[PDB]
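> got a structure for you, letters missing:
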């Protein structure tokens, strides 16, 4: 029927030997109609705690009846001096309550972790030590399954970890009837710090699979990768060559029904909120979990988060507040291979950068754009999403930022011209003409000076190249309209100083 594993923590209660003597479970007529008839089960040695401690393990299988109800259970020990009864320092006959959830039992096997052996030879010391010990021992035990690498091991691991966590989140205590912890007023940080360090130590020397298992453990125990989130980002950053290998590795683990997307969005959101840049390498796994929709041809209607493949991430704060972008581009250059194994990543990285560095981004990854010319169009789309900032930038006639916008447009022209013949006909769409129209509009509306004429002209030339690549007359008409508007605003007065000695504007 139902199989129950017992695991009982022994501590300085007595500085004893692995099996100086022996540990037992006794149970009422619920665990089985053997209520106090004998020690229903004895626990045998399989591993030693050392450092003030020992551990025995036992197994008993009793019929399935126990699903969906509470069991009374108690510990008794063999010591050569007596049979002894354990006791819990509870301020108040009493029971212990064990439980077996029907839903977590896929293997039909329940593991009863987190059981303590308290006997008469303060309590916080026992529970902090014991809880660190049990949680660490559960971590290594469950990781022992990953020694075996395929879907059956992965599912068993996640199930057994969920069984332990079911007992850890509600290791019920009884008073009339049993419910969530009161004997502890659950306190974890002292244990959780040790467990974060222990998980880190054990995982650090397939990495991606390790990182994903670590992230699952982290999110289930409500753990945070405390002030060192970057390390997990390293584990999730693939060294693959091209999509087939990366997707092959990921498929086994991610194919398991789990909330990988929520966990990875949380990871990236925290790595942004704490202002680190290694998370950029984990993005491909988030994209593999997201199950994105194709790059619909009318993309500019798409929101940036859905275009950037960052649904659920507040990227704009990270983009704006993060100052050391030079490290961001150095990291992107270091992990340029990731752009080959993930089409959307170019949009995410582009989206995550501030406006100024975008040109250095497009230059730094121009070879990728030559290998993947369709991405050139996403650059236009990205500038569209930047367009509000560029307006705020153009409205202030700062020579540096106007020159930056000019360099952005010159780069876009350089790309569209050099890669005119490589751009696939599939990704091409009239919608991109609209993007360039809007771009032109925003520049012309915002650009108020005559010397800045180069900026409108380049945007207009961009529209030309888009046309030449292919609402078309409409886009042309809007471009011409905006150009005439700009000329009107700039050329506020008549052409010449009609004295014939000068031109009203030298640049007209």
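Okay, I see it. Residues are numbered from 1 along each chain as shown.

> residue closest to the middle of this protein?
The chain has residue 264 as the residue nearest its centroid, 1.7 Å off, counting by CA atoms, centre = their mean.

> check contacts around that one.
Residue 264 makes contact with 215, 236, 282, 285, 286, 289, according to CB atoms under 8 Å, 6 or more residues apart in numbering. Every residue, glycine included, has its C-beta placed from N, CA and C.

> so who does residue 98 touch?
Contact analysis of residue 98 by CB under 8 Å, 6+ apart lists 4, 31, 70, 71, 72, 73, 112.

> how about 10 Å then?
For residue 98, the contact set (CB atoms under 10 Å, 6 or more residues apart in numbering) comprises 4, 6, 25, 27, 30-31, 66, 70-73, 110, 112, 115, 167, 171-172, 178.

> Quick check: phi and psi at residue 140.
Reported as degrees, to the nearest 10, the phi and psi values for residue 140 are phi -60, psi -40.

> what about the closest residue to it other than its chain neighbours, how many neighbours?
Closest residue to residue 140 in three dimensions, ignoring its sequence neighbours and counting by CB to CB, 6 or more residues apart in numbering: residue 202, at 6.7 Å. Residues near residue 202, counting by other CB atoms under 10 Å, number 13.

> cool, residue 428 as well?
Residue 428 - counted by other CB under 10 Å - has 16 other residues nearby.

> can you tell me how far the nearest residue to it once chain neighbours are set aside sits from residue 385?
Nearest non-adjacent residue to residue 428, counting by CB to CB, 6+ apart: residue 469, 6.2 Å away. Distance from residue 469 to residue 385, counting by CB to CB, to the nearest Å: 21 Å.

> Who has more neighbours out of these two?
Set residue 469 next to residue 385 and count neighbours by other CB under 10 Å: residue 385 wins out with 20 against 15.

> pretty sure that one is touching residue 300, no?
Yes. Residue 385 lies in contact with residue 300 (CB atoms under 10 Å); the separation is 8.6 Å.

> Quick check: the gap between residue 409 and residue 239.
Per CB to CB, residue 409 is found 36 Å from residue 239.

> out of these two, which sits in the more crowded spot?
Each of residue 409 and residue 239 has its neighbours counted (other CB under 10 Å); residue 409 has more, 24 against 13.

> could you list every residue that touches that one?
359, 383, 439-440, 443, 454-462.

> Most widely separated two among the residues you listed?
Using CB to CB, the contacts of residue 409 span at most 19.7 Å, a distance reached by 359 and 460.

> Same drill for those two, tell me which one is more crowded.
Using other CB under 10 Å as the criterion, residue 359 and residue 460 rank with residue 460 on top: 22 against 18.

> Now do the SS call for the more buried one.
helix (DSSP: H, G, I helix; E, B strand; the rest coil).

> My read is that residue 413 contacts residue 454, right?
No. Assessed by CB under 10 Å, residue 413 is found out of contact with residue 454, at 11.3 Å.

> So residue 89 belongs to a helix, correct?
No. Assessed with three-state DSSP, residue 89 is coil; it does not lie in a helix.

> which residues does the closest residue to it other than its chain neighbours contact?
Computed as CB to CB, 6+ apart, the closest residue to residue 89 that is not its neighbour in sequence is residue 123, at 4.3 Å. Under the criterion of CB under 10 Å, 6+ apart, the neighbours of residue 123 are 88, 89, 90, 91, 183, 184.

> What is the burial count for the first one?
By other CB under 10 Å, 14 other residues sit near residue 88.

> pretty sure it contacts residue 130?
No. At 11.7 Å, residue 88 and residue 130 do not qualify as touching, with contact defined as CB under 10 Å.

> what residues do those two have in common as contacts?
116, 118.

> so which of the contacts of residue 264 comes closest to residue 394?
residue 286 (33.7 Å).

> For that closest one, grab phi and psi.
phi -60, psi -40.

> what do you get for residue 24?
phi -140, psi 160.

> and it, how far is that from residue 141?
21 Å.

> And the two? Which one has more around it.
Neighbour totals were compared for residue 24 and residue 141, and residue 24 leads with 20 against 17 (other CB under 10 Å).

> you'd agree that one is up against residue 79?
No. Under the criterion of CB under 10 Å, residue 24 is not in contact with residue 79, lying 11.0 Å apart.

> Doesn't residue 71 belong to a strand?
Yes. Assessed by three-state DSSP, residue 71 belongs to a strand.

> And the strands in this structure?
Applying DSSP state E to the chain gives strands spanning 2-9, 23-27, 41-43, 57-62, 70-78, 83-85, 96-99, 109-116, 173-175, 177-179, 496-497, 502-503.

> With distance to residue 158 as extra columns, can I get these in a markdown table?
Formatted as a markdown table, these follow (distance: least, CB to CB, whole Å):
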| stretch | distance to residue 158 |
| --- | --- |
| strand 2-9 | 17 |
| strand 23-27 | 27 |
| strand 41-43 | 26 |
| strand 57-62 | 21 |
| strand 70-78 | 25 |
| strand 83-85 | 37 |
| strand 96-99 | 20 |
| strand 109-116 | 13 |
| strand 173-175 | 27 |
| strand 177-179 | 26 |
| strand 496-497 | 80 |
| strand 502-503 | 77 |
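
> and among those, the most buried is which?
Among the strands of the chain, strand 23-27 has the highest mean neighbour count (mean count of other CB atoms under 10 Å), at a mean of 23.

> Residue 373 is in contact with residue 426, correct?
No. Between residue 426 and residue 373 there is no contact, the gap being 11.6 Å when judged by CB under 10 Å.

> which one of those two has more residues nearby?
Between residue 426 and residue 373, counted using other CB under 10 Å, residue 373 has the larger neighbour count: 19 against 9.

> what's the spacing between that one and residue 352?
Residue 373 is 22 Å from residue 352, by CB to CB.

> quick one, what contacts residue 437?
With contact set as CB under 10 Å, 6+ apart, residue 437 has these partners: 300, 459-460, 462-463, 466, 471, 474-479, 481-482.

> which one among those gets closest to residue 159?
Using CB to CB, the contacts of residue 437 come closest to residue 159 at residue 300, 45.3 Å.

> coming back round to it: distance of the residue nearest to residue 89 relative to residue 141?
25 Å.

> any idea where the helices of the stretch 401-508 of the chain begin and end?
Assigned by DSSP state H, counting those that start in this stretch, the helices in the stretch 401-508 of the chain fall at 430-446, 454-469, 472-490.

> Would you tell me which of those gets closest to residue 500?
Nearest of these (CB to CB): helix 472-490, 22.3 Å.

> what's that closest one packed up against?
helix 430-446, helix 454-469 (3 or more CB pairs under 10 Å, 6 or more residues apart in numbering; DSSP states H and E).

> Tell me which of the ones you listed sits most buried.
helix 430-446 (a mean of 22).

> what separates it from the chain centre, distance-wise?
35 Å (CA atoms, centre = their mean, to the nearest Å).

> What of stretch 117-137?
The answer for stretch 117-137 is 33 Å, by CA atoms, centre = their mean.

> Check stretch 428-446 too.
Worked out by CA atoms, centre = their mean, stretch 428-446 lies 34 Å from the chain centre.

> Residue 239 against residue 338, yeah?
Yes. Counting by CB under 10 Å, residue 338 is a contact partner of residue 239 at 9.3 Å.

> Overlap of the contact sets of the two?
246, 281.

> Give me the neighbour count for the closest residue to residue 292 other than its chain neighbours.
Distance criterion CB to CB, 6+ apart; nearest residue to residue 292, sequence neighbours excluded, is residue 309 at 5.7 Å. Residue 309 has 22 neighbours, counted by other CB under 10 Å.

> That'll do, ta.
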